[PDB]
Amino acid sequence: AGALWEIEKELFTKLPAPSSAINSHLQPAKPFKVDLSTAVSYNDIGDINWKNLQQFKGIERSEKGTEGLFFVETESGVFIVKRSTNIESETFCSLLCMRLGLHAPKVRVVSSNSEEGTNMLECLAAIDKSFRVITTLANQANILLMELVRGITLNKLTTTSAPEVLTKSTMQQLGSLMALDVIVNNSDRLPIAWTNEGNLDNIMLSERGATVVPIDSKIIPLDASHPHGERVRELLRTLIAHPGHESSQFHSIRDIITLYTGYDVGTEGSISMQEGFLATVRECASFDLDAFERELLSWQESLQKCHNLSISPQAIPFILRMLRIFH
């Protein structure tokens, strides 16, 4: 919040507005409870009036994922209040995505011990009928505010829907997302440089032209001298040499998506993802690394300054190491 938020606004502003095409296949599931199927995303989480208790209709705890995710329904829309395992990574990552062109959900950090922090907590305590909000959030030093994203996670794609959703476009985006995860060593989402069975929960497809919107983005700097280094270089090399054919790695990741969705967007699809992945790498090579490092440091500064939130000291040099390899 504060400087950080401004920096976010700036980045967010630069993102290419997504399609104006609403894909009915991505519409959230119709179930105090919030009907995500018809709920509208609260417009500006930079401005939330915690003192106007009458604007609030209720709060629901998402029984999925972390556990600490709540949907707040005001009269102006719905936003999300969430407990985060690693808030610094998550938020810092959110920014990085937006910087790389990715449509992450707008996120804002609220310090528990601040005027707004206390105000918000008092508001939630007033509206919570579950008796679980305060006990889960009040404990935290910083709480996360998030933009409601209307869509569904990749896993939840049927097969009878996948065709109209997994267009060339979506695929390329997916490709890009992978590049990012590589840069930050995020093994959770889409494996490529990790034997993990991945996890498609961490990725949503917005109704807005099925645009890919990542979630629970995290960073884990495996620095100094590790396999990741050559591994990505290799993949890259092969990819560049003859991008006309589905590399071993993308074939693997293709399979995965093929599994959860039971839909094989064979070869043509894999190539698309490869394209997107490259497109991003290419972009990343053009980065004036001195400037970028500063951009990075600005975020870190803002993080530390607005909330005592220090991100790992190896984070930046790592993301930079990777970024250099794309050169």
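Numbering starts at 1 and runs along the sequence shown.
Counting the unmodelled positions of the deposited sequence between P31 and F32 gives a long gap of 10 or more residues.
Once the C-alpha B-factors are averaged per stretch, 65-73 and 38-46 rank with 65-73 first. Just going by the entry, 54-62 versus 296-304 on mean CA temperature factor gives the higher value to 54-62.
Looking only at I183, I143, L236, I215, the residue with the top Cα B factor in the deposited structure is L236. The PDB entry assigns the greatest CA B-factor among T136, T195, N119, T170 to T195. Ranked against the other modelled residues of its chain, the C-alpha B-factor of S112 as given in the entry falls in the middle third. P191 sits in the highest third of its chain by CA B factor, as recorded in the PDB entry.
Per the deposited record, the Cα B-factor of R254 falls in the middle third when ranked against the other modelled residues of its chain. Compared with the other modelled residues of the chain, the Cα B-factor recorded for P243 ranks in the highest third.
Per-chain ranking of the deposited C-alpha B factor places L154 in the middle third.
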